[PDB]
Amino acid sequence: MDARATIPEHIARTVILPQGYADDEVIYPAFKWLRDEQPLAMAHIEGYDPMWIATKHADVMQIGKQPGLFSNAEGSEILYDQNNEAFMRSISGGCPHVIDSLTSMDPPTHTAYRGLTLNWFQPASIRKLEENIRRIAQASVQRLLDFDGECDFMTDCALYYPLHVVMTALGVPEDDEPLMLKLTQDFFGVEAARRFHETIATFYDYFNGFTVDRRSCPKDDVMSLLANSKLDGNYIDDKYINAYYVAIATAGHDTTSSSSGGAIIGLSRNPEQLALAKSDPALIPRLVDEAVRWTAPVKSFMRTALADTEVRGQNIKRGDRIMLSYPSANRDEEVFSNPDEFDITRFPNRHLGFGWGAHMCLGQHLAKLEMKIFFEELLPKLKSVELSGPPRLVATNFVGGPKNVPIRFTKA
Ligand code: HEM
(Lines give C-alpha, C1' and ligand atoms only; values in the text may rest on other atoms or scores of the structure.)
Protein backbone atom coordinates (compact mmCIF):
# COMPACT_ATOMS: atom_id res chain seq x y z
CA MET A 1 0.00 0.00 0.00
CA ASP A 2 2.69 2.51 -1.21
CA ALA A 3 5.82 0.50 -0.40
CA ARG A 4 7.66 3.37 1.21
CA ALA A 5 5.21 3.38 4.12
CA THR A 6 6.80 2.31 7.33
CA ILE A 7 4.64 3.60 10.20
CA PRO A 8 2.78 0.68 11.82
CA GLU A 9 -0.85 0.84 10.92
CA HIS A 10 -1.97 1.09 14.54
CA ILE A 11 0.08 4.22 15.15
CA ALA A 12 -0.94 5.55 11.73
CA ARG A 13 -4.68 5.12 12.37
CA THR A 14 -4.30 6.75 15.83
CA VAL A 15 -2.61 9.85 14.48
CA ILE A 16 -4.68 10.46 11.38
CA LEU A 17 -8.25 9.54 12.18
CA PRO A 18 -10.25 12.16 14.03
CA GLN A 19 -11.50 10.00 16.92
CA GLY A 20 -8.35 9.91 18.99
CA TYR A 21 -7.93 13.63 19.19
CA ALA A 22 -10.88 13.74 21.67
CA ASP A 23 -8.55 12.21 24.30
CA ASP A 24 -5.07 13.35 25.14
CA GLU A 25 -3.88 9.97 26.46
CA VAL A 26 -4.68 8.38 23.04
CA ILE A 27 -2.91 10.80 20.75
CA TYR A 28 0.13 12.08 22.72
CA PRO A 29 1.65 8.54 23.35
CA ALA A 30 1.36 7.66 19.64
CA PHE A 31 3.17 10.88 18.61
CA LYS A 32 5.77 10.25 21.34
CA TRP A 33 6.39 6.77 19.80
CA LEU A 34 6.82 8.47 16.40
CA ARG A 35 9.35 11.12 17.61
CA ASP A 36 11.37 8.50 19.41
CA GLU A 37 11.20 5.79 16.69
CA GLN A 38 10.22 7.12 13.24
CA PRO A 39 10.49 10.94 13.53
CA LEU A 40 9.57 11.47 9.84
CA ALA A 41 8.12 8.51 8.09
CA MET A 42 5.35 7.56 5.69
CA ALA A 43 1.98 6.26 6.77
CA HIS A 44 -0.62 4.94 4.36
CA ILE A 45 -3.95 3.87 5.75
CA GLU A 46 -7.13 2.72 4.11
CA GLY A 47 -9.17 5.61 2.75
CA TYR A 48 -6.31 8.12 2.64
CA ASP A 49 -3.30 9.01 0.60
CA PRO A 50 0.22 8.10 1.79
CA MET A 51 1.76 10.92 3.74
CA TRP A 52 4.80 11.81 5.70
CA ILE A 53 4.08 12.83 9.31
CA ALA A 54 6.38 15.60 10.49
CA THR A 55 6.35 15.09 14.20
CA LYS A 56 9.50 17.00 15.20
CA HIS A 57 9.62 20.69 16.17
CA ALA A 58 12.57 21.28 13.98
CA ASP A 59 11.00 19.61 10.92
CA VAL A 60 7.70 21.53 11.14
CA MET A 61 9.75 24.82 11.24
CA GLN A 62 11.72 23.72 8.18
CA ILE A 63 8.80 22.61 5.99
CA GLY A 64 6.80 25.81 6.88
CA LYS A 65 9.70 28.12 5.92
CA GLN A 66 9.88 26.82 2.41
CA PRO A 67 6.59 27.48 0.48
CA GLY A 68 8.60 27.08 -2.74
CA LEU A 69 9.13 23.45 -1.82
CA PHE A 70 6.15 22.42 0.21
CA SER A 71 2.97 23.76 -1.22
CA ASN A 72 -0.27 24.96 0.40
CA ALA A 73 -2.06 25.41 -2.86
CA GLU A 74 -1.34 22.25 -4.86
CA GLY A 75 -3.34 19.82 -2.67
CA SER A 76 -5.85 20.29 0.11
CA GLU A 77 -4.17 22.12 2.99
CA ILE A 78 -6.77 20.36 5.26
CA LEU A 79 -6.52 16.67 6.01
CA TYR A 80 -9.32 14.93 4.18
CA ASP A 81 -9.51 11.28 3.21
CA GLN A 82 -9.89 10.78 -0.56
CA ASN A 83 -13.62 10.34 -0.35
CA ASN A 84 -14.04 13.59 1.27
CA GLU A 85 -11.56 15.56 -0.77
CA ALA A 86 -13.60 14.30 -3.76
CA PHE A 87 -16.90 15.67 -2.44
CA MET A 88 -15.06 18.86 -1.76
CA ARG A 89 -13.62 19.14 -5.30
CA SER A 90 -17.22 18.73 -6.53
CA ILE A 91 -18.50 21.65 -4.35
CA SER A 92 -15.36 23.64 -5.32
CA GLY A 93 -15.17 23.21 -9.09
CA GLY A 94 -12.21 20.93 -9.52
CA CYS A 95 -9.79 22.39 -6.96
CA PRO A 96 -9.17 21.01 -3.40
CA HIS A 97 -10.10 24.15 -1.47
CA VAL A 98 -13.62 25.09 -0.53
CA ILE A 99 -12.91 28.93 -0.52
CA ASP A 100 -10.06 31.15 -1.73
CA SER A 101 -8.49 32.09 1.53
CA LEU A 102 -4.83 32.65 2.37
CA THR A 103 -4.33 28.95 3.26
CA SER A 104 -5.14 27.80 -0.19
CA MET A 105 -2.63 30.23 -1.70
CA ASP A 106 1.12 29.81 -2.62
CA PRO A 107 3.33 32.93 -3.16
CA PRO A 108 3.37 35.36 -5.02
CA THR A 109 -0.47 35.32 -4.79
CA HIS A 110 -0.36 34.53 -1.11
CA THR A 111 2.13 37.36 -0.42
CA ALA A 112 -0.10 39.87 -2.15
CA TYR A 113 -3.36 38.83 -0.48
CA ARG A 114 -1.70 38.42 2.92
CA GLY A 115 -0.08 41.78 2.35
CA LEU A 116 -3.42 43.55 2.24
CA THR A 117 -4.15 43.01 6.01
CA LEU A 118 -0.71 42.14 7.46
CA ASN A 119 0.09 45.47 9.04
CA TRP A 120 -3.41 45.94 10.50
CA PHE A 121 -2.64 42.66 12.35
CA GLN A 122 0.77 43.84 13.65
CA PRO A 123 1.12 44.69 17.42
CA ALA A 124 1.05 48.49 17.13
CA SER A 125 -2.07 48.46 15.03
CA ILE A 126 -3.80 45.94 17.29
CA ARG A 127 -3.23 48.31 20.36
CA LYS A 128 -5.89 50.77 19.02
CA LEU A 129 -8.48 48.02 19.84
CA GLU A 130 -7.59 47.76 23.57
CA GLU A 131 -10.37 49.86 25.26
CA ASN A 132 -12.88 47.90 23.08
CA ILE A 133 -11.44 44.46 23.79
CA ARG A 134 -11.34 45.25 27.53
CA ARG A 135 -15.05 46.33 27.37
CA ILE A 136 -15.85 42.96 25.71
CA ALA A 137 -13.81 40.94 28.20
CA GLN A 138 -15.57 42.66 31.20
CA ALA A 139 -19.00 41.90 29.78
CA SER A 140 -17.93 38.22 29.37
CA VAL A 141 -16.38 38.01 32.82
CA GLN A 142 -19.61 39.47 34.30
CA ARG A 143 -21.74 36.93 32.53
CA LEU A 144 -19.75 34.04 34.01
CA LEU A 145 -19.71 35.66 37.53
CA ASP A 146 -23.47 35.99 37.40
CA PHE A 147 -23.59 32.21 37.84
CA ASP A 148 -23.58 31.01 41.50
CA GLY A 149 -20.27 29.22 41.34
CA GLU A 150 -21.00 26.74 38.52
CA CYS A 151 -21.16 26.83 34.72
CA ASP A 152 -19.53 25.43 31.62
CA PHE A 153 -16.68 27.87 31.04
CA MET A 154 -16.90 27.24 27.30
CA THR A 155 -20.63 27.39 26.41
CA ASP A 156 -21.44 30.05 29.06
CA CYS A 157 -18.42 32.32 28.44
CA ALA A 158 -15.41 31.51 26.21
CA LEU A 159 -17.66 30.59 23.16
CA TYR A 160 -18.77 34.24 22.71
CA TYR A 161 -15.75 36.29 23.84
CA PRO A 162 -13.47 35.46 20.74
CA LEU A 163 -16.38 35.88 18.31
CA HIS A 164 -17.19 39.35 19.73
CA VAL A 165 -13.59 40.43 19.27
CA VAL A 166 -13.35 39.16 15.68
CA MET A 167 -16.79 40.84 14.91
CA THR A 168 -15.37 44.16 16.17
CA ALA A 169 -12.13 43.72 14.18
CA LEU A 170 -14.16 43.04 10.97
CA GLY A 171 -16.81 45.77 11.63
CA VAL A 172 -19.87 43.35 11.97
CA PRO A 173 -22.75 44.68 14.22
CA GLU A 174 -23.33 43.29 17.75
CA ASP A 175 -26.85 42.31 16.67
CA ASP A 176 -25.65 39.85 14.04
CA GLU A 177 -24.15 37.45 16.46
CA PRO A 178 -26.79 34.85 15.46
CA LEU A 179 -25.59 34.78 11.89
CA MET A 180 -21.87 34.75 12.77
CA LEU A 181 -22.42 31.88 15.20
CA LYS A 182 -24.35 30.16 12.35
CA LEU A 183 -21.25 30.68 10.07
CA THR A 184 -18.59 29.41 12.47
CA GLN A 185 -20.56 26.88 14.50
CA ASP A 186 -23.14 25.47 12.07
CA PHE A 187 -21.95 25.89 8.49
CA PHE A 188 -18.14 25.58 9.14
CA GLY A 189 -18.55 23.32 12.18
CA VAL A 190 -17.27 19.78 12.87
CA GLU A 191 -27.96 16.87 -2.19
CA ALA A 192 -25.28 18.34 0.11
CA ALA A 193 -23.55 20.18 -2.76
CA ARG A 194 -26.95 21.76 -3.58
CA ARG A 195 -27.28 23.12 -0.09
CA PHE A 196 -23.59 24.02 0.26
CA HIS A 197 -23.71 26.27 -2.78
CA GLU A 198 -26.76 28.22 -1.87
CA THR A 199 -25.70 28.60 1.84
CA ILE A 200 -22.34 30.16 0.95
CA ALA A 201 -24.28 32.43 -1.51
CA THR A 202 -26.43 33.73 1.30
CA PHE A 203 -23.39 34.54 3.48
CA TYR A 204 -21.66 36.17 0.49
CA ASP A 205 -24.70 38.45 -0.19
CA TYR A 206 -24.61 39.43 3.48
CA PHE A 207 -20.90 40.37 3.50
CA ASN A 208 -21.25 42.02 0.15
CA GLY A 209 -23.51 44.64 1.75
CA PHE A 210 -20.68 45.61 4.09
CA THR A 211 -18.06 45.88 1.21
CA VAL A 212 -20.38 48.34 -0.66
CA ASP A 213 -21.05 50.19 2.47
CA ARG A 214 -17.37 50.57 3.43
CA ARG A 215 -16.64 51.83 -0.06
CA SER A 216 -18.85 54.93 0.54
CA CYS A 217 -18.68 55.07 4.37
CA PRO A 218 -15.15 53.92 5.50
CA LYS A 219 -14.40 53.00 9.08
CA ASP A 220 -11.11 51.64 10.54
CA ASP A 221 -11.86 47.97 10.50
CA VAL A 222 -10.86 45.03 8.36
CA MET A 223 -13.95 45.15 6.11
CA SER A 224 -13.25 48.78 5.22
CA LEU A 225 -9.54 48.10 4.69
CA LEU A 226 -10.23 45.21 2.30
CA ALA A 227 -13.27 46.88 0.59
CA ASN A 228 -11.22 49.87 -0.27
CA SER A 229 -8.06 47.89 -1.16
CA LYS A 230 -7.01 47.73 -4.76
CA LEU A 231 -4.45 45.41 -6.41
CA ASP A 232 -3.19 46.69 -9.74
CA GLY A 233 -5.63 49.56 -9.88
CA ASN A 234 -8.66 47.34 -9.37
CA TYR A 235 -10.73 46.32 -6.34
CA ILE A 236 -10.18 42.76 -5.19
CA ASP A 237 -12.64 40.28 -6.81
CA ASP A 238 -15.66 39.62 -4.58
CA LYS A 239 -14.65 35.95 -4.31
CA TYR A 240 -11.39 36.83 -2.58
CA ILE A 241 -12.82 39.63 -0.43
CA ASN A 242 -15.66 37.35 0.87
CA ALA A 243 -13.35 34.29 1.40
CA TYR A 244 -11.08 36.62 3.40
CA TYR A 245 -14.00 37.67 5.75
CA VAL A 246 -14.84 34.04 6.24
CA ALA A 247 -11.22 32.99 6.77
CA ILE A 248 -10.65 35.57 9.57
CA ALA A 249 -13.91 34.89 11.47
CA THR A 250 -13.66 31.06 11.29
CA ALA A 251 -9.88 31.04 11.89
CA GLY A 252 -10.22 33.36 14.79
CA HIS A 253 -13.15 31.83 16.68
CA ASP A 254 -12.58 28.28 17.75
CA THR A 255 -8.77 28.48 18.18
CA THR A 256 -9.08 31.33 20.71
CA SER A 257 -12.07 29.82 22.64
CA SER A 258 -10.34 26.43 22.76
CA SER A 259 -7.04 27.93 24.08
CA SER A 260 -8.92 29.89 26.78
CA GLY A 261 -10.60 26.63 27.79
CA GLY A 262 -7.17 24.90 27.77
CA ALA A 263 -5.88 27.64 30.10
CA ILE A 264 -8.78 26.96 32.57
CA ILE A 265 -8.23 23.18 32.55
CA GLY A 266 -4.47 23.89 33.25
CA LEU A 267 -5.12 26.36 36.12
CA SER A 268 -7.93 24.12 37.51
CA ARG A 269 -5.60 21.19 37.68
CA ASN A 270 -2.70 23.29 38.96
CA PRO A 271 -4.04 25.76 41.61
CA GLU A 272 -0.50 26.88 42.46
CA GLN A 273 -0.41 28.47 39.01
CA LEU A 274 -3.68 30.45 39.53
CA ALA A 275 -2.14 31.78 42.68
CA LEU A 276 1.12 32.58 40.96
CA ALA A 277 -0.70 34.36 38.06
CA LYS A 278 -2.85 36.34 40.56
CA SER A 279 0.19 37.59 42.41
CA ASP A 280 2.04 38.61 39.32
CA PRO A 281 0.01 39.95 36.48
CA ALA A 282 3.21 40.16 34.50
CA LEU A 283 2.85 36.39 34.10
CA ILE A 284 -0.52 36.49 32.18
CA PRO A 285 1.37 36.68 28.79
CA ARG A 286 3.27 33.60 29.94
CA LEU A 287 0.02 31.79 30.78
CA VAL A 288 -1.37 32.65 27.25
CA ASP A 289 1.67 31.13 25.47
CA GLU A 290 1.52 28.09 27.65
CA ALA A 291 -2.33 27.67 27.09
CA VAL A 292 -1.76 27.77 23.30
CA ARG A 293 1.31 25.36 23.57
CA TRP A 294 -0.36 22.93 25.89
CA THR A 295 -3.76 23.07 24.06
CA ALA A 296 -2.40 23.06 20.47
CA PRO A 297 -5.97 23.66 19.04
CA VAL A 298 -4.89 23.30 15.37
CA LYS A 299 -3.96 19.65 15.23
CA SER A 300 -2.61 19.73 11.62
CA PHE A 301 -2.33 21.45 8.21
CA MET A 302 -1.03 19.74 5.04
CA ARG A 303 1.67 20.37 2.50
CA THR A 304 2.32 18.92 -0.93
CA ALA A 305 6.05 18.56 -2.06
CA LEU A 306 6.93 20.38 -5.33
CA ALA A 307 10.33 18.67 -5.97
CA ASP A 308 12.19 15.59 -4.54
CA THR A 309 13.83 16.75 -1.26
CA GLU A 310 15.48 15.52 1.86
CA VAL A 311 14.48 16.39 5.41
CA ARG A 312 15.98 14.32 8.30
CA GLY A 313 17.59 11.94 5.76
CA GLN A 314 14.24 11.05 4.16
CA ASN A 315 13.75 11.39 0.36
CA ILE A 316 10.47 13.10 -0.15
CA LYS A 317 9.41 12.52 -3.79
CA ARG A 318 7.63 15.35 -5.73
CA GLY A 319 3.83 15.00 -5.26
CA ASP A 320 4.13 13.61 -1.68
CA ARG A 321 1.65 14.69 0.91
CA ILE A 322 3.06 15.72 4.35
CA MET A 323 1.03 16.21 7.59
CA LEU A 324 2.27 18.99 9.95
CA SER A 325 1.61 17.97 13.59
CA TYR A 326 1.65 21.18 15.68
CA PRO A 327 0.64 19.08 18.87
CA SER A 328 3.71 16.73 18.41
CA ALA A 329 6.04 19.74 17.78
CA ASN A 330 4.84 21.43 20.99
CA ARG A 331 5.75 18.38 23.05
CA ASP A 332 9.13 17.58 21.48
CA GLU A 333 11.61 16.74 24.23
CA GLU A 334 14.41 18.40 22.21
CA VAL A 335 12.79 21.75 22.86
CA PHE A 336 10.64 21.42 26.04
CA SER A 337 11.20 19.67 29.34
CA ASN A 338 8.22 17.75 30.75
CA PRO A 339 6.15 18.80 27.75
CA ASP A 340 2.95 17.28 29.15
CA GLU A 341 2.92 19.56 32.25
CA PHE A 342 0.92 22.80 32.09
CA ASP A 343 3.45 25.26 33.51
CA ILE A 344 2.91 28.98 33.06
CA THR A 345 6.46 29.95 34.09
CA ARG A 346 7.81 28.04 31.08
CA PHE A 347 10.25 30.31 29.43
CA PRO A 348 11.33 30.50 26.76
CA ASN A 349 8.21 29.04 25.14
CA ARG A 350 9.04 28.60 21.54
CA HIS A 351 5.93 26.59 20.63
CA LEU A 352 4.55 26.07 17.10
CA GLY A 353 0.96 26.61 18.12
CA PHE A 354 0.51 29.45 15.60
CA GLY A 355 2.61 27.60 13.01
CA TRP A 356 5.93 28.84 11.58
CA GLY A 357 6.79 30.13 8.17
CA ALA A 358 5.02 31.89 5.33
CA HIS A 359 1.49 31.07 6.60
CA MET A 360 2.19 31.79 10.27
CA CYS A 361 -1.10 32.80 11.93
CA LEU A 362 -2.02 36.24 10.82
CA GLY A 363 -4.08 36.69 13.93
CA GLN A 364 -1.38 35.69 16.53
CA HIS A 365 -0.98 39.23 17.94
CA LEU A 366 -4.75 39.75 18.10
CA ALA A 367 -5.13 36.27 19.69
CA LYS A 368 -2.48 36.95 22.33
CA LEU A 369 -3.85 40.43 23.10
CA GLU A 370 -7.51 39.42 23.57
CA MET A 371 -6.50 36.29 25.65
CA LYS A 372 -4.23 38.44 27.85
CA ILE A 373 -6.87 41.11 28.41
CA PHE A 374 -9.55 38.43 29.18
CA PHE A 375 -7.40 36.83 31.82
CA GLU A 376 -6.31 40.23 33.29
CA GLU A 377 -10.01 40.98 33.79
CA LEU A 378 -10.96 37.48 35.05
CA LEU A 379 -8.15 36.26 37.37
CA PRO A 380 -8.61 38.95 40.07
CA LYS A 381 -12.31 38.06 40.17
CA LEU A 382 -11.66 34.43 41.25
CA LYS A 383 -10.66 33.08 44.59
CA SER A 384 -10.62 29.51 42.99
CA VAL A 385 -11.71 27.45 39.92
CA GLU A 386 -11.85 23.65 39.64
CA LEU A 387 -13.28 21.19 37.19
CA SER A 388 -16.57 19.69 38.26
CA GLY A 389 -16.34 16.87 35.70
CA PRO A 390 -14.24 15.86 32.62
CA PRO A 391 -13.64 18.44 29.78
CA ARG A 392 -15.13 17.13 26.47
CA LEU A 393 -12.69 17.53 23.55
CA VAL A 394 -13.68 17.69 19.87
CA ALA A 395 -12.95 14.45 17.84
CA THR A 396 -11.23 16.16 14.86
CA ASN A 397 -7.86 16.04 13.26
CA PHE A 398 -8.06 19.71 12.28
CA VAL A 399 -9.27 22.40 14.93
CA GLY A 400 -10.25 20.61 18.18
CA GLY A 401 -9.28 21.27 21.79
CA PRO A 402 -11.97 21.75 24.61
CA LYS A 403 -15.64 22.16 23.72
CA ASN A 404 -17.01 21.79 27.28
CA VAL A 405 -15.24 22.55 30.53
CA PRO A 406 -17.72 22.30 33.47
CA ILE A 407 -16.27 24.33 36.34
CA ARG A 408 -16.98 25.38 39.91
CA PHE A 409 -15.61 28.71 41.11
CA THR A 410 -15.50 30.93 44.19
CA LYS A 411 -15.67 34.74 43.66
CA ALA A 412 -13.12 36.95 45.23
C1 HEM B 1 -4.90 30.98 19.98
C2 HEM B 1 -5.48 31.09 18.66
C3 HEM B 1 -4.96 30.76 17.42
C4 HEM B 1 -4.26 29.68 17.04
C5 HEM B 1 -3.71 28.57 17.94
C6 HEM B 1 -4.11 29.76 15.59
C7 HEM B 1 -3.39 28.86 14.84
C8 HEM B 1 -3.10 29.01 13.52
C9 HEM B 1 -2.33 28.03 12.75
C10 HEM B 1 -1.68 26.75 13.26
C11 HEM B 1 -2.31 28.45 11.47
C12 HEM B 1 -1.47 27.84 10.37
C13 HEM B 1 -0.09 28.50 10.30
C14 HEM B 1 0.97 27.91 9.40
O15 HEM B 1 0.66 27.16 8.49
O16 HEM B 1 2.16 28.18 9.57
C17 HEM B 1 -3.13 29.68 11.45
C18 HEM B 1 -3.50 30.34 10.29
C19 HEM B 1 -4.27 31.50 10.27
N20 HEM B 1 -4.85 32.10 11.38
FE21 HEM B 1 -4.70 31.54 13.24
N22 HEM B 1 -4.69 30.89 15.08
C23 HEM B 1 -5.20 31.51 16.21
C24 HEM B 1 -5.88 32.72 16.17
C25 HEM B 1 -6.20 33.44 15.01
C26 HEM B 1 -6.99 34.66 15.01
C27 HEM B 1 -7.48 35.38 16.24
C28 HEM B 1 -7.18 34.97 13.71
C29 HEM B 1 -7.98 35.97 13.15
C30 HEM B 1 -7.86 37.39 13.37
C31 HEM B 1 -6.47 33.96 12.94
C32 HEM B 1 -6.35 34.00 11.58
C33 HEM B 1 -5.56 33.15 10.86
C34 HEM B 1 -5.41 33.25 9.42
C35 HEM B 1 -6.02 34.27 8.46
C36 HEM B 1 -4.59 32.26 9.06
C37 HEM B 1 -4.04 32.05 7.65
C38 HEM B 1 -2.73 32.80 7.39
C39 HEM B 1 -2.11 32.47 6.04
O40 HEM B 1 -2.31 31.41 5.46
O41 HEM B 1 -1.41 33.33 5.51
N42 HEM B 1 -5.85 33.03 13.74
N43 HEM B 1 -3.57 30.03 12.72
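The residues of the chain are indexed from 1 along the displayed sequence. Below, each value reflects all heavy atoms present in this structure, side chains not excepted, and no hydrogens, waters or symmetry copies. Remember, it's 1-based here, ligands and their atoms both numbered in the order they're listed.
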Pocket residues around ligand 1 (non-hydrogen, under 4.0 Å) come out as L102, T103, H110, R114, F121, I248, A251, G252, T255, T256, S259, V292, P297, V298, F301, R303, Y326, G353, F354, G355, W356, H359, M360, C361, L362, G363, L366, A367, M371
In short, salt bridge (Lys or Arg N to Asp or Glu O under 4.0 Å) pairs touching residues 205-216 with sequence neighbours left out are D213-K219, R214-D221
All N/O donor-acceptor pairs, side-chain side in residues 392-400, below 3.5 Å, sequence neighbours left out:
residue	atom	partner	partner atom	Å
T396	OG1	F398	N	3.2
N397	ND2	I16	O	2.8

Run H110 and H359 through ring-ring contact (aromatic ring centres under 6.0 Å, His included) and show every step you take. CA-CA 9 Å; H110 171 256; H359 285 271; 3.9 Å; yes
Residues which pass ring pair (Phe, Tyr, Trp, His ring centres under 6.0 Å) with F347, listed by chain and number, not counting sequence neighbours: none
Within 45 degrees of the ring normal and closer than 6.0 Å to the centroid, is that where the cationic atom of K299 sits relative to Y21? no
Using a strict cut-off of less than 4.0 Å between a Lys/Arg side-chain nitrogen and an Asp/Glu carboxylate oxygen, indicate whether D340 and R331 qualify as a salt bridge. yes
